12 protein chains.
Amino acid sequence: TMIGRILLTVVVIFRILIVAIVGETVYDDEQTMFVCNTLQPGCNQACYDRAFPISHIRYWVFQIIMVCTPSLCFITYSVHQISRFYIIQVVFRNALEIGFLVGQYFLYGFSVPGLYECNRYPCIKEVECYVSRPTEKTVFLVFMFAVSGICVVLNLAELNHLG
Amino acid sequence: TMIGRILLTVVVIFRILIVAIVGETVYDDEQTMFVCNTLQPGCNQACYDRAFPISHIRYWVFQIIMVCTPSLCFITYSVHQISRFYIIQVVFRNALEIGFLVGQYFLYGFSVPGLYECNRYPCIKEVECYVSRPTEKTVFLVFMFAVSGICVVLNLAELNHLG
Amino acid sequence: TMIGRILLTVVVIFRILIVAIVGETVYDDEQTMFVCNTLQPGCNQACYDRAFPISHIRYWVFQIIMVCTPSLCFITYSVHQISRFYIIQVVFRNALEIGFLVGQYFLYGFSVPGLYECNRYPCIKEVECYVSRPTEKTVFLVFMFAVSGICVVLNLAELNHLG
Amino acid sequence: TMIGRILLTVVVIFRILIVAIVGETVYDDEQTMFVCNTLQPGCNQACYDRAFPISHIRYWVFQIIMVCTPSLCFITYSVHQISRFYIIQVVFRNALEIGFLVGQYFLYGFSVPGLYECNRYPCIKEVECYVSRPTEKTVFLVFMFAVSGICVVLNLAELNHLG
Amino acid sequence: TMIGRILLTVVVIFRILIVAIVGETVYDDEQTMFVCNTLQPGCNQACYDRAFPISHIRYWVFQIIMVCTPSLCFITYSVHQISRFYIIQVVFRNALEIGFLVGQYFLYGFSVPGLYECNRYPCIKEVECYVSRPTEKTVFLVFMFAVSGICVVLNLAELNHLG
Amino acid sequence: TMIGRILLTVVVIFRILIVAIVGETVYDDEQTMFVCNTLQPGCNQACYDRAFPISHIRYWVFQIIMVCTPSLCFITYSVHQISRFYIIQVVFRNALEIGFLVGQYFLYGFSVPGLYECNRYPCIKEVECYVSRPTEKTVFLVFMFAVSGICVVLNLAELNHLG
Amino acid sequence: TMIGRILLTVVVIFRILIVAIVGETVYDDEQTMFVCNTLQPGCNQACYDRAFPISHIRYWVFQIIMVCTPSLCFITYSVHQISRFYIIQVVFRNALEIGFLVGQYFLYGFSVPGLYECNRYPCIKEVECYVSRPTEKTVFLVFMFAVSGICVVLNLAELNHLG
Amino acid sequence: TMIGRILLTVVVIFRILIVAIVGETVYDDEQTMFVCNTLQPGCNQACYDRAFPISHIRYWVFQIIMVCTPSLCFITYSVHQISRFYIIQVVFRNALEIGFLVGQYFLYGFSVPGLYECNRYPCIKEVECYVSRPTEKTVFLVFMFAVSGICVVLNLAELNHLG
Amino acid sequence: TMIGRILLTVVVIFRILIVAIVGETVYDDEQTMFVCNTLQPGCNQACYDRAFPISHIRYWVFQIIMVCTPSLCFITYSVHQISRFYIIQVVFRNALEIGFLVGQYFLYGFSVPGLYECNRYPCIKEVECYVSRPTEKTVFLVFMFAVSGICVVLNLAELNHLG
Amino acid sequence: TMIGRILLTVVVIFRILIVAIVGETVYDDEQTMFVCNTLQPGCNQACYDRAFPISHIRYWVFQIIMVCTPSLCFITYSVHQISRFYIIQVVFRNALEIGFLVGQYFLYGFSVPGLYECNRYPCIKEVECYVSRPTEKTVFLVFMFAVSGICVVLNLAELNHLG
Amino acid sequence: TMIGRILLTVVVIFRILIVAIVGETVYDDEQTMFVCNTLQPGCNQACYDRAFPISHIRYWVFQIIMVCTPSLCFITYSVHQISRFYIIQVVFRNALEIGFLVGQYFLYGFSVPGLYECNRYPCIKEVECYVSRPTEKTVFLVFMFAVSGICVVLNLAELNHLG
Amino acid sequence: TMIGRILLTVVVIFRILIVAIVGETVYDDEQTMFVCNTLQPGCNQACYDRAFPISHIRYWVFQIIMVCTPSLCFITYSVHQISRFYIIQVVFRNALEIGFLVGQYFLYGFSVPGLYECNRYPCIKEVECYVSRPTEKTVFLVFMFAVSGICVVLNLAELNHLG
């Protein structure tokens, strides 16, 4: 139960670094290079909005920030100043990380396809649109799912270790 | 009344982080991707100005800065150097946060629609225009309203605790 | 006369923060989204230059920097090292802030209109041009005038307090 | 065996500096200046995605971050607090760097050509496309391969020195 | 001779701040908004290059950096460790600042006109071109000349004070 | 032999500052404002690549970083902890700086012309292309050559002083 | 009753000549120079079709041909070969010319306006369109109405003369 | 049975004149003003070809020429030179005119709609296209059907008169 | 009085030939090459219509046809079949030709200028437009006025000869 | 053998009329509406030239003119003025018409496809192009083949009748 | 003096045929393919009008018509009905043809250059423009001058023959 | 010598018909579909003028008209009214037709290539241009040469027959 802590800390820092340094620049051109075969004004806007409601990078930043709140609470408490608080914050972290992983699976799945079929007003009937960087975005998706799985496993390990 | 303080501090820091890190980049393309069905020069400018008089991110930055002024005053006083000042600053913070929440509701409501109908000069009669990222902007609106509600509840809690 | 100092310091810091964080990005697209109804090359340049000779944000940065010079002089003097210097620097600050407020009123007034009428070479006769974000720019103008008025009042207060 | 350590540290810092300061700006225009001889919408997207699945700079940042994890683990352990850990981390670093060099060779090779032949839907039959900055990108490839080879040699040196 | 030093330091810091914070963004669009009445490829490039050989902001940054070298030399000497060095560095600073002011006058003069007449290959005969932001650039020119004049006067003051 | 050290340090810092602050922004538009008289797709890419294989700013950053490696080695050695190392590092620095100056002369020469003649596929026969900011780039070239010459002279001075 | 015949023949020939020689070339550009303020494909087609269902020149050619049929019948009869036929053909000509004049008034009126307001699918709401050569077309309308009135009067004259 | 001949001759000449003088110029812009909402090359060609396989004016010219062949045969026979030939040619004319009227009904129907829905390669799925002058073309269709009906009735009249 | 008749006939035939052979092709591009400096849709149409209400060639064809009607009347009378008719038709021809010459002078004057100033809706304020072939059109105007003057003189000659 | 002559004359006149009146206007837009999916200048020209070397209408006019030469020769002979000439001209006409029918089959076949695949310089590899009015052109081809077959049969009939 | 008449008649008919059949189609694209290097609206119109005030074909048609008037006068006289009239008409024809040849030389000269230099408002300073078909137009000029010279010689021959 | 006359007349009429009916419409788009790979204004004009100085159809019309002049002279002579004139006109016709055939060979040769290489001002160095309908134009060239050869042979036949 000694190394588990060390590896959890290392995984957390690794995830933060990967998200902070490179992820902001794969998605930079997401809408400027999204294009549809049509002459109707506003169809690109409607179809992009329907294909990508919340961007991956926004979801990941939110998750990263929200999984660090129990630690901040514990730190503020101790600064004003314990084991019951430790138990409760561990429970809360476990719950939050399982919820976020499940939500990721339900929102995005495991792949980003290259074509999208759209039927939203003002587009006439169904139109075909084309995505930017699908392979790189799929690789990023899979990597993030793997890291979050590792973190879930480790936190369950420690929860069951204490009992 | 002990945990309330800790959670108020955590909510404040969380709100600042969310606004500072991601909000500047959802709104970056607000006017460059706003488009209207027309051939008249200046109609896009007039209709964008009428649809979005003050941007959300500007309003939120202003609110965040203004709700931290009583603390700065108290700090400057103590550095020159109390309970009466504490009472007064708590009262002022309560008033300011209720005012800002009410103003948010009256300025923006609870949703951002995808279409807008415009009848401002130099546009001839009424024209139809199309918005960028309405779903993401609606999600952001709802999240910010929820956070500000939490803060209002907590500050009223402490006000009534002291009495 | 005790609280006046504290509120002057708070107003100064508030003004600096508002100018530094948001003002650089309302004006970013000032000339790229300025457009005139014409086919003559160079008319957009001439009409933009005649409508907006010095930008608001440039004027405000200059004013903010210039109203902090007496403090720097006093600090450098004391570091080399007094009441006469205090008197003189208070007088100078008062004069500078009244001059800057008067100049603001004479340069810009109280509103930014949406249309502008231009008759400068190489434009043939008179042409009509269209401005970006007039409502937001008007709001910013009014807010800055109010803050500077508050500062003027406080400094006159202290000047007359000492006498 | 004394100088080997010093030169390994110098090589690592040199590599980090070269990657961090200049590499982000050779690749900035990679897709905006990629062009194909065609009139079909979406062909540029499909052909760019097939020619460049993962960008060099992304691969190099990932490798740089991943080769520094054993040191972070050792530091965290000692802070909580050894020779067995030293042995294991040396072994792991050796393995990781050999794996990354082999993967680089298998993904990219030793050159970036100026022409690319594409046959992916929606492109009709085979089309010809043109790359940006091939000579500079080839120079960067060769330099990075050389540096990583040096690092591999040094780490094997020390592994065999201890035995 | 006491206040002269203080005001010289204040003028130097003021000049550095003005150059560093705002000057980089008046000149940002210098070539993208330069336009000529012609259909010949390469004429805009040739005429811009002939009208503006070295940009003002480049000249000012170079001057600012070069007028601070004697101080760095004196500091490095004292750290290794005097009045003779003080004399020599004062002389050198005086000479450098007079040279730079004279060069500014000879390179640029006192105004930036709105029209420019060009006769360089590949332009056929003489063509007319149009400049961006001439009034703002003229204001900046005059302000910088005034500041440099103040600095020259003060340094001559101190030189003649010591003798 | 005392002042030589001081001036070498000052020259090195001056060179680093000049390269770091301004050079990144003269070359920013190098390819976006490069244009050729042709209707063939891909000719601009091929001709730009043949005219400018490695950019000046990349070469200068690499040289600056590489001429500081012996100092880092000496520092790391002393931290683990000498005159023999001093001798060797002086020799190495001399050699590296002479090599880099010779390479600069052989790669670029002393001027940047305004026209370039290109005959690379897919361009049909020979075409004429036009360069951005040739005068400013020539000035930068000459300045950098002068500085590097000064540094070479000083290092040879000290090498021969010790002997 | 003698001159009436002569003038009827002269009016008929005059009308035929005017229609045949010039009318085909006022209307030649009717749809190519019809333009609407819109970006919607197909709106110009729908609005032109609704504004001008049958062109004037088509209506006039049809009328001219149809008012000459009784004469052809009488000629064919006499060639095969009477007063009863004369009576009947006079009656028929009278009826046909009164019908055609009434239909002209009910289809077109007395003027062609320069603006037209359109609300047909696929146009969004109401749009404004602009007509070619309205003054010339109005002059032609009035002239043709006058000529047809003269012819009606003369034929009624002769009908009542015989009785 | 006397007038029937005269009216048949008059109807034939009237039909020829109407077709020859005006019909060539309603259809002149049939394909140049046919437009579809799409960005795919070749879709306009495929959809126009599927909507209008043989033009009305071509069909009518062919019919007019083919219904005059028996007369030419009879004339050539008599010039070389009968009642049996008269009978046979009357029979043939009757048959030909009934066949042509039936074919007209089966090819075109009674109206020309303003919209057409197309699903032919290379068009992606179904697209919407817009027709030129539908009301005028419908009027022409109905008029021609009426005239041909009159001719059919008259020829059957004479066939049954002889028996 | 003998040659006057011959020359009148020759002048009439000459005028008809000049109008019929060349005049239809100077005016062919009248509206396609008319251009105004503006970006407003419909302004070219409104300004062309206001500058040229009835084209010269239309006016001249109408005049030529109308001055030949008395001859046709006299011919038809004589075919049915005198000096009184001769007198009356001479009087009528004189009156018609004087009326047409006066109307020409009042409609068009003696020149066609190259510039036109327009202030009709939808044009904003006053705009400048440019005419096609003004010199050729002026030459044609003057020639036609001269010919019509000759004809007027001759007809008055004969009228006064008979008395 | 009596009717054969009459029907041959009727077929010849029918063919001439069909070719002369309508065929010139199906092919009018043959090259202006021919389009290929490419960005290479000159590819449309090369591919159109390879797909349609000699146009159908040119071939048919040439054939029609050449099959009437023996008659002109016989007429000129008789005007200067026989059975031997009749025999020879019949033989020649038979041969010419069989040759022309065979050549038609070998040049064009029985259909015009909608797509064409092109691989001629300057087109890169193989490109796809799209044809105008293929169904109408196929109908015309089949009709002309049928008529020419009828003529061949009749002329062989008469040749074998005389023997 | 016998053949001179015959050759004069043949030359006249030849000239009429050459002018009537081909000259109308060399000049058809005179203004549509005239182009100037400029971005100013109206400059093409002004420069074309100044370069070509009256077109060659207009001048030649006018001359051809005017040199046939004496014959028409003589014919009309004889129809009403001599040697004195013959003399006078010969004199007049001689004078007219010499005048027209001299005017041709003074208006046009002997060549049409490919470049033209223009300095008319609204063109800024002097601009360069490019002509269509200069070699063909020069050939036509020379041919017409030669023919008119032949005619002048022949008419002088006959004038001096009679005396 | 009897049939030779008949065949000469038939060949002449055949040639006139072929030239008059079809040749005017192969060359109609000669310059509108001529295109060069360049961005220089005026290069298309200069290169078209250098490639095609006099068009084939112009040359052929001129030749056809000029080879019929001796017949017109003989006809005019006989109308005023011989064997000597017959001899002379035969000689002249022979000479004219041989001259025209030789000139055709020297001006045009036997083929029209698809590419042309141009080096005329204002084109920079050498450019490549592309021709319209080369195969059809080559076929026309060869056919016309063959016909003119036949005519030459026949006229020499008759010349030598008389002797």
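- In the nomenclature of the PDB entry, chain A is known as Gap junction delta-2 protein of Homo sapiens.
- Under the UniProt heading Function, the note attached to chain A is "One gap junction consists of a cluster of closely packed pairs of transmembrane channels, the connexons, through which materials of low MW diffuse from one cell to a neighboring cell."

**Side note on the sheet that holds strand β2 (residues 115–118) of chain K**
Residues and elements named next belong to chain K.
Move 1: Reading across the sheet, the 3 strands line up as β1-β3-β2 and stay open at both edges, with antiparallel pairing between neighbours. The open sheet has two edge strands, β1 (35–36) and β2, and neither has a second partner.
Move 2: Bridge count between β1 and strand β3 (residues 127–130): 2 bridges; the pairing is antiparallel. In the strand pairing of β3, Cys36 is matched with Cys129.

**Comments concerning the arrangement of the chains**
Move 1: If you take every C-alpha in chain A and every C-alpha in chain E, the smallest gap between them is 21 Å, and the two do not touch.
Move 2: For the non-touching pair chain H and chain L, the nearest C-alpha separation works out to 18 Å.

**Section: the packing of aromatic side chains**
Move 1: Considering all chains together, one arrives at 168 aromatic pairs over all chains under this definition.
Move 2: Here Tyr77(A) and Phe85(A) contribute two aromatic rings whose centre-to-centre distance is 5.1 Å and whose plane-to-plane angle is 15°, an arrangement assigned as stacked.
Move 3: Exposure remark for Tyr77(A): the relative accessible area of 23% places this residue in the partly exposed category.
Move 4: In this structure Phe85(A) comes out as partly exposed when scored by relative accessible area, which is 31%.
Move 5: One aromatic cluster in this structure is built from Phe14(A), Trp60(A), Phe140(A), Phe143(A), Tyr59(D), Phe62(D), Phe100(D) and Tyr108(D).

**Digging into the environment of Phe143(I)**
Move 1: With respect to the helices and strands, the residue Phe143(I) is situated in helix α7 (residues 134–162).
Move 2: Residues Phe143(I) and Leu156(I) lie 13 residues apart in sequence; the distance between their C-alpha atoms is 20 Å.
Move 3: In this view, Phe143(I) contacts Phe14(I), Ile18(I) and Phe62(K); residues no more than four positions away in its chain are not counted.

**Some words on the nonpolar core**
Move 1: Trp60(A), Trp60(B), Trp60(C), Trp60(D), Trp60(E) and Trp60(F) are the most contacted members of the largest nonpolar core, which has 119 residues in total.
Move 2: Each residue touching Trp60(B), except ones within four places of it in the same chain, is listed here: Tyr27(B), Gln104(B), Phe140(B), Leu141(B) and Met144(B).
Move 3: Counting residues in hydrophobic clusters, the runner-up holds 115 residues, among them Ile18(H), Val61(I), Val112(J) and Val67(K).

**A word on the UniProt feature "transmembrane region" in chain A**
All names here are of chain A.
Move 1: Residues annotated in UniProt with the feature "transmembrane region" correspond here to residues 1–23, 57–79, 85–107 and 140–162.
Move 2: As annotated, residues 85–107 has a helix share of 100% and a strand share of 0%, and its two end C-alpha atoms lie 32 Å apart.
Move 3: Within residues 140–162, the helical portion is 100% and the strand portion 0%, while the C-alpha atoms at the span's ends are 34 Å from each other.

**Considerations on the relation of the copies chain H and chain J**
Move 1: Note on the identical chains: chain H maps onto chain J by a rotation of 60° and an axial translation of 0.0 Å, with an RMSD of 0.0 Å. The transformation just described matches what one would write down for a six-fold rotation axis. Closest to the rotation axis within chain H is the C-alpha of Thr32(H), separated from it by 10 Å.

**Details of the sheet that holds strand β2 (residues 115–118) of chain D**
Residue and element names in this part refer to chain D.
Move 1: Ordered by their spatial adjacency, 3 strands build an open sheet running β1-β3-β2, and the pairing between neighbours is antiparallel. In this open sheet, the two edge strands, each paired with only one partner strand, are β1 (35–36) and β2.
Move 2: Here helix α3 (residues 43–51) sits on the sheet in contact with β1, β2 and β3 (127–130), set at roughly 110° to β2.

**Here we look at a nonpolar patch on the surface**
Residue and element names in this part refer to chain F.
Move 1: Together, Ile87, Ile88, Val91, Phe92, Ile98, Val102, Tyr105, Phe106, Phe110, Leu156, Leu159 and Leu162 make up a nonpolar patch on the protein surface, roughly 1100 Å² of accessible area in all.
Move 2: Elements with a contribution of two residues or more to the nonpolar patch: α6 (83–108) and α7 (134–162).
Move 3: The leading source of residues in the nonpolar patch is α6, at 8 residues.
Move 4: One can find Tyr105 in helix α6.

**A closer look at helix α4 (residues 56–66) of chain L**
Move 1: For α4(L), the tally of buried residues reaches 10 of 11 residues, placing the bulk of the element in the interior.
Move 2: Within α4(L), the full set of buried residues consists of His56(L), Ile57(L), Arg58(L), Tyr59(L), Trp60(L), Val61(L), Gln63(L), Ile64(L), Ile65(L) and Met66(L).

**Examining the interface of chain H and chain J**
Move 1: At the interface, 22 residues of chain H touch 25 residues of chain J.
Move 2: Roughly 2200 Å² of surface becomes buried between chain H and chain J when both sides are summed, with 70% attributable to carbon and sulfur atoms.
Move 3: On the chain H side of the contact with chain J, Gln45(H), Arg58(H) and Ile65(H) bury the most area, a combined 25% of that side's loss.
Move 4: Inspection of the region where chain H meets chain J yields 2 salt bridges.
Move 5: At the surface where chain H touches chain J, the tally comes to 5 residue pairs in polar contact.
Move 6: Sorting the residues of the side of chain H that touches chain J by element identifies α3 (43–51), α4 (56–66) and α5 (69–80) of chain H as the ones contributing at least two each.
Move 7: Residue composition of the side of chain H that touches chain J, by class: 12 nonpolar, 7 polar and 3 charged.

Parameters and conventions
Residues numbered from 1 in each chain as written, not as in the entry; some residues may be left out. Chains lettered and ligands numbered in written order. Heavy atoms only, no water. UniProt positions renumbered as here; feature names shortened; annotations may be inferred. Pairing = 2+ DSSP bridges. Helix = DSSP H or I, 4+ residues; strand = E, 2+ residues; numbered from the N terminus. Contact = heavy atoms within 4.5 Å. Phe/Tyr/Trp six-rings, centres within 6.5 Å; stacked < 30°, edge-to-face > 60°. Buried < 20%, exposed > 50% of the residue type's maximum accessible area, 1.4 Å probe, protein only. Core = buried A, V, L, I, M, F, W, Y, C linked by side-chain atoms within 4.5 Å. Least-squares fit on C-alpha atoms. Axes fitted to C-alpha atoms, helices over the stretch in contact; angles between N-to-C directions. Patch = residues over 30% accessible without salt bridge, like charges linked within 9 Å, V, L, I, M, F, W, Y side chains within 5 Å. Areas by Shrake-Rupley, 256 points an atom, 1.4 Å probe, with all protein chains shown as cover. Salt bridge = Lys/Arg side-chain N within 4 Å of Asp/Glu carboxyl O. Buried area = accessible area lost by both parts, 1.4 Å probe. Polar contact = N/O pair within 3.5 Å; in protein donor to acceptor, adjacent residues only side chain to side chain. Nonpolar A, V, L, I, M, F, W, Y, C, P; charged D, E, K, R; others polar.

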